[PDB]
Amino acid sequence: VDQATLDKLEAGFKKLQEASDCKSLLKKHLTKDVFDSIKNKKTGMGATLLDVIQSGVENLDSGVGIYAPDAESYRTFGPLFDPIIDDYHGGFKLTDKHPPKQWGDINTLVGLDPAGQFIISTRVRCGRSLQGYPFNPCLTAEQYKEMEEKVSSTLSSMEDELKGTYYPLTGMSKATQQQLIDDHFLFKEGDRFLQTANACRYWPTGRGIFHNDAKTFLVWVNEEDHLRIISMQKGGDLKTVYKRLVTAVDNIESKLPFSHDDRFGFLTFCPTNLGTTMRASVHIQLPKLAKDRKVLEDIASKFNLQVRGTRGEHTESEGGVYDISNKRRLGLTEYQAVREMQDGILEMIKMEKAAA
């Protein structure tokens, strides 16, 4: 670890300590002992603590503030990752291990809002990393291209409901890209948290989106994770949405080798996405309960749910439409994760109906 990087690290620790109004987990859990204990360590690919924490240092409004440049980073820098992971996922000790993959009994899921007055649309995503490839900050341009080839070729073999077309961002018209983002299908371009983590190098090389013609099944290639596998549609039919995701993941898993860890389950670039990697969300209106997004957030948290804006995390609600989803992804099964969203959303709707 070179002196120049230490200089940047030493200054960052100071800034975080000084940042009286910063509320991120990096600031909360990076003690001097923790800082000093791991700041001189390096992975086989050369990732340092600066690579891990830089996004959180520059963006003090981060909720978390760290990413893993490679798989080893999760352990090399364990003293920072471990307490943050334990904190975010609502309890996960050093000695704990994520449970085996388990979709559960899909037929037990219900319609989240039959009368149709609150929920606009429902979405479930997972993430996966390809074996033999490190996370974004350690990839070369050529590797982005190799991965894109592997994934796009694999998805050409999808059949029936899942059959579709791959659209590279390279060559995609600006008008088409903006509509796909505005309609909540395609990942946004230019995220400051990812950018400062050096996760977006060589953009847009190797990046793109696969989807079926109806756009109920989508796959993001080379954004935050190597793959994000997405099922979504209008309405509240979670059972159908979830079933389509399961079908897709089971079929894709048989074809492509994904990184899985005995302790952390499926590996991802952000520690919030470990384990099941699953984020099940609704776009929902709750005008009475949301009369102050800070009140909404306090209610949601007790149901282990997270509130995001209409265009995703770090955005505002528009027209009263909030994104509400399970917060926890690690230390519970896929079934348990999706049920927390279902259970929480059904009750919040009950509360909305009962509210004055």
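Residues carry their position along the shown sequence, with the first being 1.
For the pair 275-283 and 109-117, the mean B factor over Cα atoms is greater in 109-117. Averaged over Cα atoms, the B-factor as recorded in the entry is higher for 87-95 than for the other of 137-145 and 87-95.
Ranking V64, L305, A68, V295 by Cα temperature factor from the entry places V295 first.
Among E72, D237, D250, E224, the highest C-alpha B-factor recorded in the PDB entry belongs to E72. When the modelled residues of the chain are ordered by C-alpha B-factor, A11 sits in the highest third.
The entry lists a Cα temperature factor for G44 that places it in the highest third of the chain's modelled residues. Ranked by C-alpha B-factor against the other modelled residues of its chain, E313 falls in the lowest third.
Ranked against the other modelled residues of its chain, the C-alpha B-factor of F81 as given in the entry falls in the highest third. For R263, the recorded CA B-factor ranks within the highest third of the chain. Only modelled residues enter the ranking.
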